[PDB]
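Undergrad: My file is query_16.cif. It has mmCIF, C-alpha atoms:
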```
data_protein
loop_
_atom_site.group_PDB
_atom_site.id
_atom_site.type_symbol
_atom_site.label_atom_id
_atom_site.label_comp_id
_atom_site.auth_asym_id
_atom_site.auth_seq_id
_atom_site.Cartn_x
_atom_site.Cartn_y
_atom_site.Cartn_z
ATOM 1 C CA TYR A 7 -5.457 -4.726 11.416
ATOM 2 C CA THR A 8 -2.751 -5.523 14.011
ATOM 3 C CA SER A 9 -2.424 -9.131 12.786
ATOM 4 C CA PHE A 10 -0.080 -8.436 9.843
ATOM 5 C CA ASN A 11 3.604 -9.467 9.784
ATOM 6 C CA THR A 12 4.812 -7.072 7.059
ATOM 7 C CA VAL A 13 3.624 -5.064 4.026
ATOM 8 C CA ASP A 14 3.418 -8.490 2.346
ATOM 9 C CA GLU A 15 0.567 -9.490 4.683
ATOM 10 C CA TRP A 16 -1.144 -6.096 4.262
ATOM 11 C CA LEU A 17 -0.906 -5.799 0.453
ATOM 12 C CA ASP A 18 -2.058 -9.441 0.340
ATOM 13 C CA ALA A 19 -5.384 -8.463 1.948
ATOM 14 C CA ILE A 20 -5.947 -5.914 -0.850
ATOM 15 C CA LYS A 21 -4.871 -8.303 -3.651
ATOM 16 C CA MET A 22 -1.486 -6.797 -4.616
ATOM 17 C CA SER A 23 0.456 -9.808 -5.961
ATOM 18 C CA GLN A 24 2.139 -7.680 -8.667
ATOM 19 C CA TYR A 25 2.925 -4.847 -6.219
ATOM 20 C CA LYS A 26 5.851 -6.311 -4.238
ATOM 21 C CA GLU A 27 9.048 -4.903 -5.800
ATOM 22 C CA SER A 28 6.831 -2.024 -6.989
ATOM 23 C CA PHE A 29 6.328 -0.732 -3.426
ATOM 24 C CA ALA A 30 10.024 -1.319 -2.637
ATOM 25 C CA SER A 31 10.973 1.449 -5.098
ATOM 26 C CA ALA A 32 8.747 4.145 -3.545
ATOM 27 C CA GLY A 33 9.562 2.910 -0.019
ATOM 28 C CA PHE A 34 6.244 1.268 0.941
ATOM 29 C CA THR A 35 7.896 -1.936 2.228
ATOM 30 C CA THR A 36 6.927 -1.354 5.888
ATOM 31 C CA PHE A 37 4.230 0.147 8.151
ATOM 32 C CA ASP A 38 5.272 3.823 8.014
ATOM 33 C CA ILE A 39 6.538 5.245 4.689
ATOM 34 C CA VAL A 40 3.494 3.884 2.821
ATOM 35 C CA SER A 41 1.401 5.524 5.578
ATOM 36 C CA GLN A 42 2.177 9.033 4.280
ATOM 37 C CA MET A 43 1.045 9.297 0.640
ATOM 38 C CA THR A 44 -2.075 9.244 -1.568
ATOM 39 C CA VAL A 45 -3.214 8.280 -5.092
ATOM 40 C CA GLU A 46 -0.382 10.338 -6.633
ATOM 41 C CA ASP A 47 2.153 7.925 -5.095
ATOM 42 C CA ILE A 48 0.298 4.778 -6.229
ATOM 43 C CA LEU A 49 0.695 5.857 -9.876
ATOM 44 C CA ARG A 50 4.456 6.225 -9.269
ATOM 45 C CA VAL A 51 5.089 2.758 -7.789
ATOM 46 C CA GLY A 52 3.707 1.441 -11.103
ATOM 47 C CA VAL A 53 0.067 0.813 -10.120
ATOM 48 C CA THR A 54 -1.231 2.021 -13.509
ATOM 49 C CA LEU A 55 -3.813 -0.792 -13.265
ATOM 50 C CA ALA A 56 -7.187 0.965 -12.868
ATOM 51 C CA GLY A 57 -9.228 0.126 -9.748
ATOM 52 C CA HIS A 58 -6.143 -1.424 -8.103
ATOM 53 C CA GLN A 59 -4.708 2.109 -7.863
ATOM 54 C CA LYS A 60 -7.834 3.323 -6.027
ATOM 55 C CA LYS A 61 -7.869 0.150 -3.894
ATOM 56 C CA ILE A 62 -4.629 0.942 -2.028
ATOM 57 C CA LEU A 63 -5.750 4.604 -1.910
ATOM 58 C CA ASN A 64 -8.010 3.865 1.083
ATOM 59 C CA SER A 65 -5.558 1.210 2.334
ATOM 60 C CA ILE A 66 -2.836 3.816 3.011
ATOM 61 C CA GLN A 67 -5.237 5.089 5.703
ATOM 62 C CA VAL A 68 -5.199 1.744 7.570
ATOM 63 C CA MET A 69 -1.855 2.925 8.996
ATOM 64 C CA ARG A 70 -2.570 6.586 9.834
ATOM 65 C CA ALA A 71 -5.872 5.345 11.312
ATOM 66 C CA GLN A 72 -4.209 3.954 14.459
ATOM 67 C CA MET A 73 -1.059 6.100 14.128
#
```
As structure tokens, what does this structure read like?
TA:
Amino acid sequence: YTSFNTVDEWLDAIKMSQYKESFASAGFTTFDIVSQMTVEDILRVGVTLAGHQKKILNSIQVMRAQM
């Protein structure tokens, strides 16, 4: 996944239109901070939406995978 420009291009691949300013509060606006959390953090950013919360759960690993 080294073809992304910013968290906007990454969250876009997982369908996160209503998760922009939401990730800015927790600090997931780049390829690093968001690569150090789990499902407990998704519920904090405001991802109460079911399914969507578990979707980014495996996405957070896309960063630690190559890191």
Undergrad: Counting all atoms listed in the file, figure out which residue out of A:36, A:42, A:54, A:72 gets nearest to residue 15 in chain A.
TA: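 Nearest candidate to residue 15 in chain A out of A:36, A:42, A:54, A:72: A:36.
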Undergrad: With only C-alpha atoms as the counted atoms, please give the residues lying no more than 10 Å from residue 17 in chain A, apart from itself and same-chain residues fewer than 6 positions off, as number ranges by chain.
TA: A: 10, 23-26, 29, 35, 62, 65
Undergrad: Using C-alpha atoms, can you write the selected residues to a file as a PDB file, keeping the file's coordinate frame?
TA:
```pdb
ATOM      1  CA  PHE A  10      -0.080  -8.436   9.843  1.00  0.00           C
ATOM      2  CA  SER A  23       0.456  -9.808  -5.961  1.00  0.00           C
ATOM      3  CA  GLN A  24       2.139  -7.680  -8.667  1.00  0.00           C
ATOM      4  CA  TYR A  25       2.925  -4.847  -6.219  1.00  0.00           C
ATOM      5  CA  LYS A  26       5.851  -6.311  -4.238  1.00  0.00           C
ATOM      6  CA  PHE A  29       6.328  -0.732  -3.426  1.00  0.00           C
ATOM      7  CA  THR A  35       7.896  -1.936   2.228  1.00  0.00           C
ATOM      8  CA  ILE A  62      -4.629   0.942  -2.028  1.00  0.00           C
ATOM      9  CA  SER A  65      -5.558   1.210   2.334  1.00  0.00           C
TER      10      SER A  65
END
```
Undergrad: Counting all atoms listed in the file, what is within 10 Å of residue 38 in chain A, bar same-chain residues fewer than 2 positions away, as a list in words?
TA: residues 13, 33, 34, 35, 36, 40, 41, 42, 66, 69, 70 and 73 of chain A
Undergrad: Nearest residue to residue 49 in chain A out of A:18, A:67, A:11, A:28, using all atoms listed in the file?
TA: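 Ranking A:18, A:67, A:11, A:28 by distance to residue 49 in chain A, first place goes to A:28.
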Undergrad: For CA of residue 64 in chain A and CA of residue 44 in chain A, determine how far apart the two atoms are, in Å to one decimal place.
TA: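 These two atoms are separated by 8.4 Å.
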Undergrad: On this file, the PyMOL selection byres ((chain A and resi 61) around 10) gives some set of residues; write that set as a list in words.
TA: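 This file, filtered by the PyMOL selection byres ((chain A and resi 61) around 10), leaves residues 20, 21, 22, 45, 48, 56, 57, 58, 59, 60, 62, 63, 64, 65 and 66 of chain A.
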